[PDB]
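Heads up: the structure comes next, in structure tokens.
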């Protein structure tokens with residue numbers, strides 16, 4: 247009982263990068279995304295993620311263990327942090 251979410255860099259440009267976190271081990275998992283600096287969430291897919299501060303609750307739609315969102319670099323091309331928990 248322990249989801250294993252992972253992070254990775256998919257697309258990228260002089261404005262933001264499409265991060266692609268891959269979850270494997272369980273379907274009912276939750277990956278709390280945490281942008282860095284003033285970064286923000288421009289878009290997402292493969293999972294219902296939302297929020298309004300420095301983190302967004304991500305969730306699997308049923309078969310999209312791996313999600314992907316546009317990290318608004320906003321002066322930061324570093325990948326965000328993501329953690330998961332069994333619940």
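Residue numbers (the entry's author numbering): 247 to 333.
Idealized CB from N, CA, C, for every residue including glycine.
Contact check for residue 292 and residue 328: beta-carbon distance about 13 angstroms, past the 8 angstroms limit, so the pair fails to qualify. A residue is called buried once 16 or more other Cβ atoms fall within 10 Å of its Cβ, and residue 303, having fewer, is exposed. Close CB contacts of residue 264 within its chain, under the 6 angstroms cut and outside five residues either way in sequence, are with 256, 257, 314, 316 (chain order). Assignment of residue 288 by DSSP, reduced to helix, strand and coil, places it in the strand class. Scanning its chain for C-beta atoms nearer than 6 angstroms, with the 5 sequence neighbours on each side dropped, one finds around residue 268 the residues 252, 312, in chain order.
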